[PDB]
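Peer 1: Quick one: structure below, then a few questions.
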Amino acid sequence: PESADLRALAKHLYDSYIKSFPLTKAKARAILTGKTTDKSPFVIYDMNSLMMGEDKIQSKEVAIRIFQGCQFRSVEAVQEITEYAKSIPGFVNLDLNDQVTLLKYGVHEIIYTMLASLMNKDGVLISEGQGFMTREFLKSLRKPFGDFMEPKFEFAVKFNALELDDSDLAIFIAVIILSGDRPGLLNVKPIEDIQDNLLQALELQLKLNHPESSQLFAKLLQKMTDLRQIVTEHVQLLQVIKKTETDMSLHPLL
Ligand SMILES: O=C(O)c1c(Sc2ccccc2)c2cc(Cl)ccc2n1Cc1ccc(Cl)cc1
């Protein structure tokens with residue numbers, strides 16, 4: 001009886017989703033189907049394509065500049081995640097430090113999954129679908145730059161297999177956002193109750209959109225906890241960032 005209404009509420013967030021996320025998974029996999037009216041984006045196999053691809057988008061080296069690109073488009077994505085989380089009923093009624101804490105620990109995970117929406121078996125989409133780069137080239141970068149994005153693939157091959165459509169991610173990223181099992185938290189009640197309702201809606205949205213599917217919900221939550229593993233493992237990265245300041249390089253001619 002109650003669930004009948006929230007579906008609408010669920011779909012409400014769907015609207016804000018595309019209003020907050022300009023590129024949907026359906027359009028990513030679509031532009032990667034080849035059966036699309038739009039032009040096929042260009043691959044990035046070899047440095048030739050890099051030289052001719054920076055056009056279709058202080059820095060000096062580029063093996064760093066790519067990394068700076070990933071994190072830059074990340075700080076662009078968070079600006080979508082802010083307003084999205086705002087559009088969650090009750091979200092602004094929680095404590096400001098509690099909300100910034102919620103996004104504090106979830107951002108890398110949700111950009112992980114969205115990137116998985118732009119990912120595939122071998123490669124990823126760049127610049128709102130206008131580009132495509134390959135993992136094989138990614139393996140060949142100077143260490144540790146070669147190992148930065150591959151785990152992302154190691155998640156995309158597992159996640160995109162469930163082949164969720166945007167109507168599921170629109171609220172799944174909400175349930176990952178409103179997670180109550182984080183340290184340094186203040187108001188316990190609101191995240192518990194709202195995550196309960198969220199889990200109510202998500203349950204039978206999952207069960208409704210795919211009746212042939214067998215227990216995608218549960219194991220997918222298990223993959224949420226796997227995303228928690230990967231935030232446990234981002235501590236290394238945030239320190240490998242230390243390759244970009246005062247490094248005994250003199251530029252007399254450059
Ligand atoms: O300009 C971009 O949109 C982009 C960039 S930025 C860029 C990259 C190469 C030449 C010029 C800019 C980017 C960089 C990396 Cl190493 C990986 C993915 C990247 N992307 C695509 C991207 C799309 C979505 C998200 Cl969340 C993160 C990255």
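Naming scheme: A, B, ... for chains in displayed order of the structure tokens; residues 1 onward per chain; ligands 1 onward as shown.
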Quick one: residues within 12 Å of range 31-42 of chain A, only C-alpha atoms counted, chain neighbours fewer than 4 positions away excluded, as a PDB file with C-alpha atoms, in the first residue's frame?
Peer 2:
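To be explicit, this is the file written out as around-v6.pdb:
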```
ATOM      1  CA  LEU A  23      25.420  12.038 -19.348  1.00  0.00           C
ATOM      2  CA  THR A  24      23.330   8.943 -18.597  1.00  0.00           C
ATOM      3  CA  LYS A  25      24.589   5.368 -18.684  1.00  0.00           C
ATOM      4  CA  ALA A  26      22.099   4.573 -21.446  1.00  0.00           C
ATOM      5  CA  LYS A  27      23.714   7.227 -23.638  1.00  0.00           C
ATOM      6  CA  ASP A  46      49.129   5.866 -29.180  1.00  0.00           C
ATOM      7  CA  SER A  49      46.310  10.179 -30.998  1.00  0.00           C
ATOM      8  CA  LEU A  50      47.217  12.012 -27.792  1.00  0.00           C
ATOM      9  CA  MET A  52      45.744  15.002 -32.040  1.00  0.00           C
ATOM     10  CA  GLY A  53      43.231  14.509 -29.210  1.00  0.00           C
ATOM     11  CA  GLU A  54      44.104  17.172 -26.652  1.00  0.00           C
ATOM     12  CA  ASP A  55      42.560  19.570 -29.186  1.00  0.00           C
ATOM     13  CA  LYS A  56      39.136  17.876 -29.039  1.00  0.00           C
ATOM     14  CA  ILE A  57      38.734  18.461 -25.299  1.00  0.00           C
ATOM     15  CA  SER A 117      28.902   3.712 -16.517  1.00  0.00           C
ATOM     16  CA  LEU A 118      31.360   5.390 -18.891  1.00  0.00           C
ATOM     17  CA  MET A 119      33.513   2.228 -18.837  1.00  0.00           C
ATOM     18  CA  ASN A 120      33.330  -1.029 -20.761  1.00  0.00           C
ATOM     19  CA  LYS A 121      35.356  -4.209 -21.265  1.00  0.00           C
ATOM     20  CA  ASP A 122      38.385  -2.385 -22.744  1.00  0.00           C
ATOM     21  CA  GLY A 123      38.407   1.399 -22.407  1.00  0.00           C
ATOM     22  CA  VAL A 124      36.562   4.426 -21.070  1.00  0.00           C
ATOM     23  CA  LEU A 125      34.686   7.421 -22.432  1.00  0.00           C
ATOM     24  CA  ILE A 126      36.094  10.924 -22.000  1.00  0.00           C
ATOM     25  CA  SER A 127      34.721  14.462 -22.198  1.00  0.00           C
ATOM     26  CA  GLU A 128      30.997  13.707 -21.998  1.00  0.00           C
ATOM     27  CA  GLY A 129      31.311  10.808 -24.439  1.00  0.00           C
ATOM     28  CA  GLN A 130      33.260  12.772 -27.065  1.00  0.00           C
ATOM     29  CA  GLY A 131      36.412  10.689 -26.528  1.00  0.00           C
ATOM     30  CA  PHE A 132      37.542   7.156 -25.788  1.00  0.00           C
ATOM     31  CA  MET A 133      40.791   5.911 -24.240  1.00  0.00           C
ATOM     32  CA  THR A 134      42.040   2.343 -23.887  1.00  0.00           C
TER      33      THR A 134
END
```
Peer 1: Near range 229-237 of chain A, within 9 Å and counting only C-alpha atoms, which residues show up once chain neighbours fewer than 2 positions away are dropped, as a ChimeraX atom specification?
Peer 2: /A:105-106,108-109,148,151,224-227,239-241
Peer 1: What's the 12 Å shell around range 58-65 of chain A, counting only C-alpha atoms, without same-chain residues fewer than 3 positions away, as a ChimeraX atom specification?
Peer 2: /A:47,50-51,54,68-72,137-138,140-146,148,240-245,249,251,254
Peer 1: Quick check, in Å to one decimal: how far apart do atom 14 (C, counted along the ligand's line) of ligand 1 and CA of residue 66 in chain A lie?
Peer 2: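 Distance between the two atoms: 4.6 Å.
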Peer 1: Please list as a PyMOL selection string every residue within 12 Å of residue 162 in chain A, counting only C-alpha atoms and excluding residues in the same chain fewer than 3 positions away.
Peer 2: chain A and resi 116-117+155-159+165+168-169+206+210+213-217+219-220+223
Peer 1: Using N, CA and C atoms, can you export the residues from the last selection as a PDB file, in the first residue's frame?
Peer 2:
```pdb
ATOM      1  N   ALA A 116      32.236   3.740 -14.049  1.00  0.00           N
ATOM      2  CA  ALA A 116      31.884   2.411 -14.541  1.00  0.00           C
ATOM      3  C   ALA A 116      30.766   2.489 -15.571  1.00  0.00           C
ATOM      4  N   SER A 117      29.904   3.506 -15.479  1.00  0.00           N
ATOM      5  CA  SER A 117      28.902   3.712 -16.517  1.00  0.00           C
ATOM      6  C   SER A 117      29.555   4.187 -17.805  1.00  0.00           C
ATOM      7  N   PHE A 155      36.534  -2.959 -11.413  1.00  0.00           N
ATOM      8  CA  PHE A 155      35.170  -2.847 -10.915  1.00  0.00           C
ATOM      9  C   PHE A 155      34.141  -2.729 -12.031  1.00  0.00           C
ATOM     10  N   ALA A 156      34.477  -2.052 -13.131  1.00  0.00           N
ATOM     11  CA  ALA A 156      33.502  -1.867 -14.201  1.00  0.00           C
ATOM     12  C   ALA A 156      33.124  -3.189 -14.861  1.00  0.00           C
ATOM     13  N   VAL A 157      34.098  -4.074 -15.089  1.00  0.00           N
ATOM     14  CA  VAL A 157      33.782  -5.368 -15.690  1.00  0.00           C
ATOM     15  C   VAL A 157      32.833  -6.175 -14.810  1.00  0.00           C
ATOM     16  N   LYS A 158      32.919  -6.018 -13.487  1.00  0.00           N
ATOM     17  CA  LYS A 158      32.013  -6.733 -12.589  1.00  0.00           C
ATOM     18  C   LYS A 158      30.661  -6.038 -12.468  1.00  0.00           C
ATOM     19  N   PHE A 159      30.654  -4.706 -12.478  1.00  0.00           N
ATOM     20  CA  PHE A 159      29.440  -3.948 -12.195  1.00  0.00           C
ATOM     21  C   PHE A 159      28.560  -3.840 -13.434  1.00  0.00           C
ATOM     22  N   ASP A 165      20.123  -0.048 -15.426  1.00  0.00           N
ATOM     23  CA  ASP A 165      19.774   1.129 -16.203  1.00  0.00           C
ATOM     24  C   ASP A 165      19.676   2.334 -15.275  1.00  0.00           C
ATOM     25  N   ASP A 168      17.859   2.803 -12.003  1.00  0.00           N
ATOM     26  CA  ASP A 168      18.328   2.132 -10.795  1.00  0.00           C
ATOM     27  C   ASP A 168      19.463   2.898 -10.123  1.00  0.00           C
ATOM     28  N   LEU A 169      20.458   3.331 -10.900  1.00  0.00           N
ATOM     29  CA  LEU A 169      21.551   4.115 -10.333  1.00  0.00           C
ATOM     30  C   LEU A 169      21.040   5.408  -9.710  1.00  0.00           C
ATOM     31  N   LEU A 206      14.184  -2.583  -7.787  1.00  0.00           N
ATOM     32  CA  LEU A 206      15.049  -3.624  -8.324  1.00  0.00           C
ATOM     33  C   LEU A 206      14.218  -4.830  -8.733  1.00  0.00           C
ATOM     34  N   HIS A 210      13.337  -5.765 -13.240  1.00  0.00           N
ATOM     35  CA  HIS A 210      13.939  -6.984 -13.781  1.00  0.00           C
ATOM     36  C   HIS A 210      13.368  -8.194 -13.055  1.00  0.00           C
ATOM     37  N   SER A 213      15.596 -11.373 -13.261  1.00  0.00           N
ATOM     38  CA  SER A 213      16.861 -11.331 -12.544  1.00  0.00           C
ATOM     39  C   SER A 213      16.746 -11.971 -11.165  1.00  0.00           C
ATOM     40  N   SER A 214      17.836 -12.616 -10.757  1.00  0.00           N
ATOM     41  CA  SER A 214      17.905 -13.433  -9.547  1.00  0.00           C
ATOM     42  C   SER A 214      18.859 -12.795  -8.538  1.00  0.00           C
ATOM     43  N   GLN A 215      18.304 -12.093  -7.549  1.00  0.00           N
ATOM     44  CA  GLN A 215      19.086 -11.597  -6.412  1.00  0.00           C
ATOM     45  C   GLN A 215      20.217 -10.673  -6.857  1.00  0.00           C
ATOM     46  N   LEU A 216      19.858  -9.642  -7.618  1.00  0.00           N
ATOM     47  CA  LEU A 216      20.844  -8.635  -7.989  1.00  0.00           C
ATOM     48  C   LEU A 216      21.037  -7.623  -6.866  1.00  0.00           C
ATOM     49  N   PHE A 217      19.937  -7.219  -6.236  1.00  0.00           N
ATOM     50  CA  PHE A 217      19.919  -6.335  -5.078  1.00  0.00           C
ATOM     51  C   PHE A 217      20.974  -6.672  -4.025  1.00  0.00           C
ATOM     52  N   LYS A 219      23.585  -8.967  -3.583  1.00  0.00           N
ATOM     53  CA  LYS A 219      24.987  -8.997  -3.983  1.00  0.00           C
ATOM     54  C   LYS A 219      25.466  -7.620  -4.421  1.00  0.00           C
ATOM     55  N   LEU A 220      24.572  -6.800  -4.978  1.00  0.00           N
ATOM     56  CA  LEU A 220      24.960  -5.444  -5.349  1.00  0.00           C
ATOM     57  C   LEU A 220      25.295  -4.616  -4.112  1.00  0.00           C
ATOM     58  N   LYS A 223      28.572  -5.372  -3.191  1.00  0.00           N
ATOM     59  CA  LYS A 223      29.488  -4.553  -3.976  1.00  0.00           C
ATOM     60  C   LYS A 223      29.582  -3.135  -3.430  1.00  0.00           C
TER      61      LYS A 223
END
```
